[PDB]
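Next up is one chain by itself, shown in structure tokens, the form deposited in one PDB entry.
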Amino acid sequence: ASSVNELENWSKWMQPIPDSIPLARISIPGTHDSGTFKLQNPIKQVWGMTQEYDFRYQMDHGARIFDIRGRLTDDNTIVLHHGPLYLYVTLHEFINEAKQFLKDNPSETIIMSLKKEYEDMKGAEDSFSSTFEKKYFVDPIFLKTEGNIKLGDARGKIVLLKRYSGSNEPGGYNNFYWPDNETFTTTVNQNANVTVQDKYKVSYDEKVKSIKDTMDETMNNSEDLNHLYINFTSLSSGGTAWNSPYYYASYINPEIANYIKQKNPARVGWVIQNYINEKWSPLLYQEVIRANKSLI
């Protein structure tokens, strides 16, 4: 029906968006350190938890991008980690969850970002990349197309955003530089450029500015279909005393959500946040999705 109302369905919001629009152009809600939701021990919670609900919950709240951090085991499987902390979640669990969501809502697509979080468990046969490629990537859900991937091709599939080196299988978005604690720009492939604001471990003030300035850039460089803009709102600092990603998220989330609503942009980019829920005032993920009214 191509109605703007259809964006209101957090479980089917990409449905109204045209097939020819590059994913890069679409404004997408995403979560940071997505697999940290099973942590219960208060110490590991004030240190590693960045989400409080599961993968399926996150997706039903609009999230389509996932920050998956892996670790190679002796059993030659990949499990989710957060630093040296074993998250009681596996890659199979995530993919399993992604497939069931895509089964229910085939109009949707989920973008999976994969990074190696901790060193290979001494005893594994293969390396991290080959193990991921032989055992998992080989599954059909994974889109094997490259370039400036469009919505139409990715529908009902999982698009990879490689954040590991050593790939030997075409598919998704190639791996790229990505320097530590910074905002930068590079080229993914021959059909796409990237701009990433990933200033984690920085002052609350410097962070908010960095988010807003990167968002202003995308706001004005809106129609540039060949440009990726990944804006991380997530922020971590020396916790153990109200300095947790949770304290920051409670402020930054409504802050940015309002900023979006107020500005009413045509493009906000790929906004990767911590703690996706229904507690904060304006709702970040909702404003990000609504900014796609432009494409309709």
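One-based numbering along the sequence shown.
Missing here is the form deposited with a small molecule bound; even so, the following discussion is about that form.
Looking at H32, you'd find a heavy atom of it within 4.5 angstroms of the small molecule in the deposited complex. Although the partner is absent here, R69 is a contact residue: one of its heavy atoms lies within 4.5 angstroms of the small molecule in the deposited complex. In the deposited complex, the small molecule sits beyond 4.5 Å of every heavy atom of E97. Although the partner is absent from this view, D198 contacts the small molecule in the deposited complex, with a non-hydrogen atom inside 4.5 angstroms. At a distance of at most 4.5 angstroms from the small molecule in the deposited complex, all three residues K115, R163 and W178 contribute at least one non-hydrogen atom. Contact with the small molecule in the deposited complex, judged as any non-hydrogen atom within 4.5 angstroms, is confined among 154 to 162, 198 to 206, 99 to 107, 220 to 228 to 198 to 206. Between the small molecule and the residues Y259, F232, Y248, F37, the one pair within 4.5 Å by heavy atoms in the deposited complex involves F232.
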